[PDB]
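Shown next: final-v5.cif, given as mmCIF, C-alpha atoms and all ligand atoms.
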data_model
loop_
_atom_site.label_atom_id
_atom_site.label_comp_id
_atom_site.auth_asym_id
_atom_site.auth_seq_id
_atom_site.Cartn_x
_atom_site.Cartn_y
_atom_site.Cartn_z
CA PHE I 47 18.63 81.28 21.54
CA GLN I 48 22.38 80.84 20.90
CA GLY I 49 23.19 84.43 21.93
CA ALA I 50 21.50 83.79 25.28
CA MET I 51 23.80 82.82 28.09
CA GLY I 52 21.78 81.47 30.98
CA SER I 53 18.33 80.08 31.53
CA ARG I 54 15.15 81.64 32.87
CA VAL I 55 14.87 81.60 36.65
CA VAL I 56 12.86 83.49 39.24
CA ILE I 57 15.11 84.92 41.93
CA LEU I 58 13.94 85.89 45.39
CA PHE I 59 15.99 87.66 48.06
CA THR I 60 14.99 88.03 51.71
CA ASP I 61 16.60 90.39 54.21
CA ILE I 62 15.82 91.08 57.88
CA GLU I 63 15.32 94.75 58.69
CA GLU I 64 17.93 96.04 61.16
CA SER I 65 19.29 92.61 62.02
CA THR I 66 22.57 94.05 63.37
CA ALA I 67 20.72 96.18 65.91
CA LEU I 68 18.62 93.14 66.82
CA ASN I 69 21.75 90.99 67.26
CA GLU I 70 23.29 93.71 69.49
CA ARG I 71 20.13 93.86 71.62
CA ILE I 72 19.55 90.13 72.11
CA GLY I 73 23.19 88.91 72.10
CA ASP I 74 24.91 86.28 69.96
CA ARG I 75 23.43 83.21 71.67
CA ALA I 76 19.87 84.42 71.13
CA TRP I 77 20.72 85.62 67.61
CA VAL I 78 22.04 82.19 66.61
CA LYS I 79 18.85 80.56 67.86
CA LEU I 80 16.73 83.09 66.04
CA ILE I 81 18.50 82.82 62.68
CA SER I 82 18.58 79.02 62.97
CA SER I 83 14.78 78.98 63.42
CA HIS I 84 14.32 81.50 60.61
CA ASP I 85 16.51 79.45 58.27
CA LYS I 86 14.37 76.37 58.96
CA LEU I 87 11.14 78.25 58.32
CA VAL I 88 12.39 79.77 55.08
CA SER I 89 13.91 76.42 53.99
CA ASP I 90 10.64 74.59 54.61
CA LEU I 91 8.53 77.15 52.79
CA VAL I 92 10.87 77.22 49.79
CA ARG I 93 10.72 73.42 49.61
CA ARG I 94 6.88 73.61 49.69
CA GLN I 95 6.96 75.85 46.59
CA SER I 96 9.56 73.69 44.83
CA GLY I 97 12.38 76.24 45.06
CA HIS I 98 16.03 75.97 45.99
CA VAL I 99 17.88 78.06 48.57
CA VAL I 100 21.03 79.13 46.78
CA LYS I 101 22.75 80.64 49.79
CA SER I 102 22.48 82.40 53.13
CA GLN I 103 23.51 86.02 53.48
CA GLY I 104 23.51 86.08 57.28
CA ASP I 105 20.10 87.57 57.89
CA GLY I 106 18.48 86.50 54.64
CA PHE I 107 18.52 84.21 51.66
CA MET I 108 18.90 84.05 47.93
CA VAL I 109 16.36 81.61 46.47
CA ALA I 110 15.63 80.27 42.96
CA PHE I 111 12.25 79.12 41.57
CA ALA I 112 11.09 77.95 38.14
CA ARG I 113 7.81 79.93 38.20
CA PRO I 114 6.97 83.41 39.50
CA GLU I 115 3.78 82.19 41.27
CA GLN I 116 5.93 79.86 43.40
CA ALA I 117 8.23 82.69 44.47
CA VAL I 118 5.37 85.05 45.28
CA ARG I 119 3.41 82.38 47.17
CA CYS I 120 6.58 81.56 49.14
CA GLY I 121 6.93 85.27 50.03
CA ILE I 122 3.28 85.60 51.08
CA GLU I 123 3.60 82.51 53.26
CA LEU I 124 6.79 83.77 54.90
CA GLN I 125 5.34 87.18 55.66
CA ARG I 126 2.23 85.51 57.14
CA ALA I 127 4.43 83.28 59.31
CA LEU I 128 6.56 86.17 60.58
CA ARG I 129 3.35 88.00 61.56
CA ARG I 130 2.01 84.89 63.33
CA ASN I 131 5.29 84.47 65.23
CA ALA I 132 5.32 88.12 66.34
CA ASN I 133 2.00 87.70 68.17
CA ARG I 134 3.61 85.21 70.59
CA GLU I 139 8.90 90.82 65.77
CA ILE I 140 11.30 90.03 62.93
CA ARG I 141 10.51 92.14 59.86
CA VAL I 142 11.76 90.95 56.49
CA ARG I 143 11.99 92.70 53.10
CA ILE I 144 11.47 90.47 50.05
CA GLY I 145 12.25 91.21 46.41
CA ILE I 146 11.45 89.05 43.39
CA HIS I 147 12.61 89.32 39.77
CA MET I 148 12.77 86.91 36.83
CA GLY I 149 14.96 86.66 33.74
CA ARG I 150 17.85 84.73 32.29
CA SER I 151 20.74 84.07 34.67
CA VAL I 152 23.93 82.05 34.28
CA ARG I 153 24.37 78.91 36.39
CA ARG I 154 27.72 78.06 37.93
CA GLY I 155 27.42 75.20 40.43
CA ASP I 156 24.46 75.94 42.67
CA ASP I 157 24.98 79.70 42.23
CA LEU I 158 23.56 82.18 39.69
CA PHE I 159 25.23 85.14 38.00
CA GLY I 160 24.33 88.12 35.85
CA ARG I 161 22.45 91.37 35.66
CA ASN I 162 19.12 89.73 36.56
CA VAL I 163 20.59 88.42 39.81
CA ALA I 164 21.75 91.97 40.62
CA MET I 165 18.30 93.26 39.69
CA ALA I 166 16.56 90.85 42.05
CA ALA I 167 18.88 92.01 44.85
CA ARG I 168 18.04 95.68 44.23
CA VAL I 169 14.29 94.95 44.09
CA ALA I 170 14.67 93.40 47.54
CA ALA I 171 16.74 96.35 48.75
CA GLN I 172 13.88 98.68 47.72
CA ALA I 173 11.30 96.76 49.75
CA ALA I 174 10.27 97.93 53.22
CA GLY I 175 10.38 95.53 56.17
CA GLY I 176 7.18 93.48 55.93
CA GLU I 177 6.77 94.15 52.18
CA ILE I 178 7.16 91.99 49.10
CA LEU I 179 8.24 93.88 45.96
CA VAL I 180 8.28 92.35 42.50
CA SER I 181 9.57 93.66 39.18
CA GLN I 182 7.27 94.41 36.23
CA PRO I 183 8.09 91.07 34.48
CA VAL I 184 6.94 89.17 37.56
CA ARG I 185 3.84 91.36 38.00
CA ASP I 186 2.96 90.94 34.32
CA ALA I 187 3.33 87.15 34.51
CA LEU I 188 0.83 86.97 37.43
CA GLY I 193 -5.39 84.75 43.61
CA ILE I 194 -2.60 87.33 44.10
CA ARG I 195 -3.25 91.08 44.41
CA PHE I 196 -0.76 93.87 43.62
CA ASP I 197 -0.67 97.63 44.20
CA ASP I 198 -0.38 100.00 41.19
CA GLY I 199 3.42 100.08 41.37
CA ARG I 200 5.99 102.79 41.88
CA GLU I 201 8.78 104.10 39.63
CA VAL I 202 12.26 103.79 41.09
CA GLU I 203 15.87 103.87 39.94
CA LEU I 204 18.05 100.95 40.97
CA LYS I 205 21.73 101.11 41.98
CA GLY I 206 23.88 100.23 38.96
CA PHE I 207 21.04 100.30 36.39
CA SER I 208 20.09 103.07 33.96
CA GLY I 209 16.54 104.33 33.57
CA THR I 210 13.59 103.67 35.84
CA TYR I 211 11.78 100.52 36.88
CA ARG I 212 8.26 100.00 38.09
CA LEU I 213 8.11 97.84 41.23
CA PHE I 214 4.88 96.34 42.55
CA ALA I 215 3.98 95.46 46.14
CA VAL I 216 2.01 92.31 46.95
CA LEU I 217 -1.19 93.22 48.84
CA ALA S 50 30.11 88.18 71.60
CA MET S 51 30.15 84.38 71.69
CA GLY S 52 32.04 81.55 69.99
CA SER S 53 35.64 81.04 68.94
CA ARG S 54 38.12 83.81 68.13
CA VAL S 55 38.43 84.31 64.37
CA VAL S 56 39.50 86.97 61.88
CA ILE S 57 36.84 87.84 59.29
CA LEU S 58 37.61 89.47 55.98
CA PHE S 59 35.05 90.67 53.45
CA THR S 60 35.77 91.72 49.86
CA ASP S 61 33.34 93.58 47.63
CA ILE S 62 33.78 94.88 44.11
CA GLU S 63 32.91 98.53 43.74
CA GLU S 64 29.94 99.23 41.41
CA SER S 65 29.89 95.70 40.02
CA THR S 66 26.29 96.05 38.77
CA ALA S 67 27.22 98.97 36.54
CA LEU S 68 30.16 96.90 35.31
CA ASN S 69 27.96 93.85 34.59
CA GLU S 70 25.54 96.11 32.67
CA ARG S 71 28.38 97.66 30.65
CA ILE S 72 30.15 94.44 29.67
CA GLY S 73 27.25 91.92 29.58
CA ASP S 74 26.69 88.58 31.31
CA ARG S 75 29.14 86.53 29.19
CA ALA S 76 32.03 88.87 29.99
CA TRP S 77 30.89 89.27 33.64
CA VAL S 78 30.86 85.54 34.35
CA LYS S 79 34.35 85.18 32.85
CA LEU S 80 35.55 88.07 34.97
CA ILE S 81 33.99 86.78 38.19
CA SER S 82 35.26 83.24 37.57
CA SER S 83 38.80 84.61 37.15
CA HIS S 84 38.34 86.79 40.25
CA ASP S 85 37.16 83.80 42.29
CA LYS S 86 40.23 81.84 41.22
CA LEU S 87 42.58 84.69 42.21
CA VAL S 88 40.96 85.28 45.60
CA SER S 89 40.86 81.54 46.36
CA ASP S 90 44.56 81.20 45.52
CA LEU S 91 45.59 84.17 47.70
CA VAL S 92 43.39 83.03 50.57
CA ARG S 93 44.97 79.57 50.45
CA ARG S 94 48.47 81.10 50.42
CA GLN S 95 47.62 82.75 53.77
CA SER S 96 45.93 79.65 55.25
CA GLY S 97 42.47 81.23 55.09
CA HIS S 98 39.14 79.62 54.26
CA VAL S 99 36.49 81.14 52.00
CA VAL S 100 33.17 80.85 53.85
CA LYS S 101 30.95 82.03 51.01
CA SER S 102 30.68 84.03 47.83
CA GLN S 103 28.36 87.00 47.69
CA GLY S 104 28.34 87.43 43.93
CA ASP S 105 31.00 90.11 43.59
CA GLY S 106 32.84 89.42 46.84
CA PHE S 107 33.80 86.90 49.47
CA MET S 108 33.57 86.29 53.18
CA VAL S 109 36.81 84.73 54.43
CA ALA S 110 37.98 83.34 57.76
CA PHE S 111 41.57 83.39 59.07
CA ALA S 112 43.12 82.23 62.34
CA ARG S 113 45.48 85.22 62.60
CA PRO S 114 45.12 88.92 61.74
CA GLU S 115 48.50 89.06 59.95
CA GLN S 116 47.30 86.39 57.51
CA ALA S 117 44.12 88.29 56.70
CA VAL S 118 45.96 91.57 56.19
CA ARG S 119 48.72 90.00 54.03
CA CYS S 120 45.98 88.41 51.94
CA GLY S 121 44.25 91.77 51.41
CA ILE S 122 47.58 93.42 50.51
CA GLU S 123 48.38 90.70 47.94
CA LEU S 124 44.88 90.97 46.43
CA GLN S 125 44.96 94.77 46.06
CA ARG S 126 48.39 94.46 44.45
CA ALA S 127 47.27 91.79 41.97
CA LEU S 128 44.16 93.75 41.07
CA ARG S 129 46.13 96.94 40.40
CA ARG S 130 48.78 95.15 38.39
CA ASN S 131 46.10 93.28 36.39
CA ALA S 132 44.11 96.41 35.63
CA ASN S 133 47.30 98.19 34.55
CA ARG S 134 47.86 95.44 31.95
CA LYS S 135 44.21 95.13 30.78
CA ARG S 136 44.37 91.50 31.98
CA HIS S 137 40.67 91.92 32.78
CA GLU S 138 38.28 94.91 32.97
CA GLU S 139 39.38 97.18 35.84
CA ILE S 140 37.79 96.29 39.14
CA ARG S 141 38.35 98.05 42.40
CA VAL S 142 37.62 96.04 45.51
CA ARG S 143 36.77 97.14 49.03
CA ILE S 144 38.27 95.06 51.82
CA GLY S 145 37.32 95.10 55.52
CA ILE S 146 38.85 93.06 58.32
CA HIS S 147 37.70 92.55 61.90
CA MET S 148 38.49 90.01 64.61
CA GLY S 149 36.68 88.65 67.61
CA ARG S 150 34.54 85.77 68.78
CA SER S 151 31.85 84.51 66.41
CA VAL S 152 29.62 81.44 66.52
CA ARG S 153 30.28 78.63 64.13
CA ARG S 154 27.13 77.04 62.77
CA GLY S 155 27.70 74.56 60.01
CA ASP S 156 30.34 76.08 57.84
CA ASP S 157 29.07 79.64 58.43
CA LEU S 158 29.80 82.30 61.09
CA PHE S 159 27.23 84.29 63.08
CA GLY S 160 27.14 87.11 65.56
CA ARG S 161 27.82 90.77 66.07
CA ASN S 162 31.50 90.47 65.01
CA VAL S 163 30.47 89.09 61.62
CA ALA S 164 28.20 92.12 61.15
CA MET S 165 31.05 94.39 62.31
CA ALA S 166 33.41 92.94 59.71
CA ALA S 167 30.78 93.45 57.01
CA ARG S 168 30.28 97.09 58.09
CA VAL S 169 34.05 97.70 58.14
CA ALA S 170 34.30 96.45 54.55
CA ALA S 171 31.35 98.64 53.59
CA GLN S 172 33.27 101.68 54.86
CA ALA S 173 36.35 100.90 52.78
CA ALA S 174 36.99 102.70 49.54
CA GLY S 175 37.64 100.76 46.36
CA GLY S 176 41.31 99.82 46.51
CA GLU S 177 41.50 100.25 50.29
CA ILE S 178 41.93 97.75 53.13
CA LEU S 179 40.22 98.97 56.29
CA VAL S 180 40.68 97.18 59.62
CA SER S 181 39.07 97.58 63.04
CA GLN S 182 41.05 98.74 66.05
CA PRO S 183 41.48 95.22 67.50
CA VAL S 184 43.10 94.13 64.22
CA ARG S 185 45.36 97.23 64.07
CA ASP S 186 46.32 96.75 67.74
CA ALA S 187 46.97 93.03 67.30
CA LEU S 188 49.61 93.83 64.64
CA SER S 189 51.42 96.46 66.75
CA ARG S 190 54.56 94.29 66.68
CA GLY S 193 56.27 95.28 57.90
CA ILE S 194 52.60 96.32 57.90
CA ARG S 195 51.82 99.98 58.46
CA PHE S 196 48.53 101.73 59.17
CA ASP S 197 47.22 105.28 58.94
CA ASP S 198 46.08 107.20 62.06
CA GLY S 199 42.49 105.88 61.75
CA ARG S 200 39.13 107.53 61.25
CA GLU S 201 36.18 107.53 63.64
CA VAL S 202 32.92 106.36 62.08
CA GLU S 203 29.38 105.38 62.98
CA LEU S 204 28.38 101.94 61.76
CA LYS S 205 24.80 100.98 61.04
CA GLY S 206 23.31 98.80 63.77
CA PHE S 207 26.00 99.59 66.34
CA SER S 208 25.64 102.18 69.07
CA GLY S 209 29.28 103.10 69.19
CA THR S 210 31.75 105.14 67.29
CA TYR S 211 34.56 103.00 65.86
CA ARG S 212 38.05 103.85 64.76
CA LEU S 213 38.99 102.19 61.46
CA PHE S 214 42.52 102.01 60.11
CA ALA S 215 43.68 101.79 56.48
CA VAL S 216 46.65 99.70 55.47
CA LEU S 217 49.35 101.94 53.93
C1 LIG C 301 26.12 94.00 58.69
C2 LIG C 301 25.80 92.77 57.73
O1 LIG C 301 26.31 91.64 58.20
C3 LIG C 301 25.66 90.62 57.30
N1 LIG C 301 25.98 89.33 57.89
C4 LIG C 301 25.81 88.89 59.16
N2 LIG C 301 26.17 87.58 59.25
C5 LIG C 301 26.52 87.20 57.99
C6 LIG C 301 26.94 86.00 57.40
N3 LIG C 301 27.09 84.82 58.19
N4 LIG C 301 27.18 85.94 56.09
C7 LIG C 301 27.09 87.03 55.33
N5 LIG C 301 26.69 88.20 55.82
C8 LIG C 301 26.40 88.29 57.16
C9 LIG C 301 24.18 91.14 57.27
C10 LIG C 301 24.22 92.44 57.55
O2 LIG C 301 23.79 93.22 56.44
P1 LIG C 301 22.45 94.02 56.38
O3 LIG C 301 21.29 93.11 56.12
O4 LIG C 301 22.64 95.06 55.30
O5 LIG C 301 22.32 94.71 57.82
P2 LIG C 301 21.05 95.13 58.70
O6 LIG C 301 20.04 94.02 58.68
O7 LIG C 301 21.58 95.47 60.07
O8 LIG C 301 20.45 96.44 58.03
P3 LIG C 301 19.32 96.46 56.88
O9 LIG C 301 19.11 95.11 56.26
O10 LIG C 301 17.99 96.87 57.52
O11 LIG C 301 19.83 97.50 55.91
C1 LIG C 302 22.85 94.20 43.25
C2 LIG C 302 23.58 93.03 44.07
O1 LIG C 302 23.58 91.88 43.44
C3 LIG C 302 24.62 91.14 44.26
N1 LIG C 302 24.74 89.89 43.56
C4 LIG C 302 24.88 89.67 42.24
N2 LIG C 302 25.03 88.35 42.03
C5 LIG C 302 24.99 87.73 43.24
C6 LIG C 302 25.11 86.40 43.70
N3 LIG C 302 25.28 85.31 42.76
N4 LIG C 302 25.05 86.12 45.01
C7 LIG C 302 24.87 87.11 45.90
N5 LIG C 302 24.76 88.38 45.52
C8 LIG C 302 24.84 88.71 44.19
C9 LIG C 302 25.77 92.21 44.31
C10 LIG C 302 25.16 93.37 44.31
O2 LIG C 302 25.34 93.99 45.57
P1 LIG C 302 26.38 95.21 45.71
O3 LIG C 302 27.79 94.68 45.78
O4 LIG C 302 25.96 96.02 46.94
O5 LIG C 302 26.23 96.02 44.38
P2 LIG C 302 27.23 97.04 43.72
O6 LIG C 302 28.60 96.48 43.46
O7 LIG C 302 26.58 97.56 42.47
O8 LIG C 302 27.25 98.20 44.83
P3 LIG C 302 28.49 98.72 45.72
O9 LIG C 302 29.38 97.55 46.13
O10 LIG C 302 29.27 99.70 44.87
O11 LIG C 302 27.85 99.35 46.94
CL CL C 303 18.44 100.31 44.60
CL CL C 304 52.21 98.00 37.67
MN MN C 305 19.28 93.08 56.90
MN MN C 306 29.80 95.40 45.17
#
For the structure just supplied, provide its representation as structure tokens.
Amino acid sequence: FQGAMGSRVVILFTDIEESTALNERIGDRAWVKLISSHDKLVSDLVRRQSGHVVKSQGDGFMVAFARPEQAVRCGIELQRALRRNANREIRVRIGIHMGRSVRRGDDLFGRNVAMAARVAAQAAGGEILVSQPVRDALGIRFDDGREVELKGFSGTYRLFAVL
Amino acid sequence: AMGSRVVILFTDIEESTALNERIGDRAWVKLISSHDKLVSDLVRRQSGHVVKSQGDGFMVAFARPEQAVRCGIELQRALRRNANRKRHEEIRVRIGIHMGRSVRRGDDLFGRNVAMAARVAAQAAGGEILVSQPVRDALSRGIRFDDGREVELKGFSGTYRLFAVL
């Protein structure tokens, strides 16, 4: 479609809950070790689901996938790993959305990138939220969804938690 | 706090999502590409280094607080002058500046002072440059500041006095 800027991509954001407080409690040396380990785990899981880490945001990542099932499986695997590690507790919120986005270098721009970020911002620590398009596109179980408004967007959006 | 002393500046466009929605992706990408070019130019003029882009804003490192503050002043000026001439859609940008030790890892920066700089920027109004007390105090010797405001910052136990550039 000529009027369409940008190509379809699934965008996933992760974000550690209360990372600043954690950093203050454990100190910078321990924080650097922690985020280094976390980066490696996330990187490895993304690679397993054929995604690409676009960038780090300090205590989380922006990630691109071709298919929604890849992004959701990556999220499920990360949450499972964070739970496993805590029984030796970093909590992460994950949001997933899909739509056209504009590529510039390795980065992605446009309203669907913003949407993915707000879906993630809506998620509780330990939760994976996905937008309706992702839910509709998808051995994965979802809740019945919840209506929310997102910062910068008009109207309401139904977001679905992975169960 | 660990690592080498550095000044950290964050920029962030106010309500960029609403703007993107209003003008559409074609216009947004043109705007953000032009904004990136402007910021990159001003950063280079003050010997700074852009660490990363965060969509509608940048994380920038400087050796000296005067460089970071001069950069913020030049940016706010350019943005106001550009908006006044309809050079691009009006954008208002928040700017926060903090200094202290942070850990280098690759080309990124980590630690509580990075988080502090991000929170200082988050407190700034669109069109404002807010700096932490160490930055204000470091410039005590043609840059003027207000009398500061005391604020709580998420994730920090303290109360912190933040100063706007006048
Ligand atoms: C205070 C903000 O600092 C961000 N931050 C830390 N290091 C970096 C970095 N190297 N690059 C970019 N950003 C960085 C992450 C942190 O933002 P939040 O995730 O909003 O803070 P926090 O995790 O404390 O609170 P919540 O996520 O629970 O809201
Ligand atoms: C909704 C979130 O999407 C962020 N965003 C958009 N594109 C990118 C990108 N390529 N890389 C990283 N982040 C991106 C910016 C936006 O976050 P905010 O700046 O908090 O949104 P907004 O400008 O609407 O809110 P305020 O700055 O007014 O709080
Ligand atoms: Cl939101
Ligand atoms: Cl003017
Ligand atoms: Mn966080
Ligand atoms: Mn913004």
Item checked: Exercise answer, 10 Å around ligand CL 303 (chain C) with only C-alpha atoms and all ligand atoms, as number ranges by chain -> I: 164-173, 202-207
Margin query: Residues within 10 Å of (9.8, 99.0, 53.8), file coordinates, counting only C-alpha atoms: what are they? Give the list as a list in words.
Written below: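 Every residue inside that radius is included here: residues 63, 141, 142, 143, 144, 170, 171, 172, 173, 174, 175, 176, 177, 178 and 179 of chain I.
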Counting all atoms listed in the file, which residues of chain I sit at most 7 Å from some atom of chain S, and what is each one's closest atom pair with its distance in Å to one decimal, listed by chain and rising residue number, as a tab-separated table?
residue	atom	partner	partner_atom	distance
I:51	CA	S:75	CA	6.6
I:64	CA	S:206	CA	6.6
I:66	CA	S:206	CA	4.8
I:67	CA	S:206	CA	4.3
I:69	CA	S:161	CA	6.2
I:70	CA	S:161	CA	6.4
I:73	CA	S:50	CA	7.0
I:74	CA	S:160	CA	5.0
I:75	CA	S:51	CA	6.8
I:77	CA	S:160	CA	6.9
I:78	CA	S:159	CA	6.6
I:159	CA	S:78	CA	6.7
I:160	CA	S:74	CA	5.1
I:161	CA	S:69	CA	6.1
I:164	CA	S:66	CA	6.4
I:206	CA	S:67	CA	4.3
I:207	CA	S:67	CA	6.3
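Across I:208, I:151, I:125, I:89, the tightest approach to residue 102 in chain I is made by I:89 when counting all atoms listed in the file.
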Would you mind listing the residues within 8 Å of ligand CL 304 (chain C), counting only C-alpha atoms and all ligand atoms, as an mmCIF file with C-alpha atoms, keeping the file's coordinate frame?
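Okay, pocket_29.cif is ready:
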data_model
loop_
_atom_site.group_PDB
_atom_site.id
_atom_site.type_symbol
_atom_site.label_atom_id
_atom_site.label_comp_id
_atom_site.auth_asym_id
_atom_site.auth_seq_id
_atom_site.Cartn_x
_atom_site.Cartn_y
_atom_site.Cartn_z
ATOM 1 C CA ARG S 129 46.130 96.940 40.400
ATOM 2 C CA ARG S 130 48.780 95.150 38.390
ATOM 3 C CA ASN S 131 46.100 93.280 36.390
ATOM 4 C CA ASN S 133 47.300 98.190 34.550
ATOM 5 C CA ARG S 134 47.860 95.440 31.950
#
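The spacing separating CA of residue 214 in chain I from CA of residue 180 in chain I amounts to 5.2 Å.
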Next item on the list: Find the residues near range 117-124 of chain I: any atom within 10 Å, counting only C-alpha atoms, skip ones fewer than 5 places away on the same chain, and give them as number ranges by chain.
Entry: I: 56-60, 84, 87-88, 90-97, 109-112, 129-130, 142-148, 176-180, 184-185, 188, 193-194, 216-217
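Computed from the coordinates, the CA of residue 48 in chain I to atom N2 of ligand LIG 302 (chain C) distance equals 22.6 Å.
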Check: Which of these residues is nearest to ligand LIG 301 (chain C), using all atoms listed in the file: S:196, S:54, S:60, S:100?
Finding: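 Looking only at the distances to ligand LIG 301 (chain C), the closest residue turns out to be S:100.
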Check: From the list S:176, S:121, S:97, S:106, which residue is nearest ligand MN 306 (chain C) when using all atoms listed in the file?
Finding: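 Once distances to ligand MN 306 (chain C) are computed over all atoms listed in the file, the minimum belongs to S:106.
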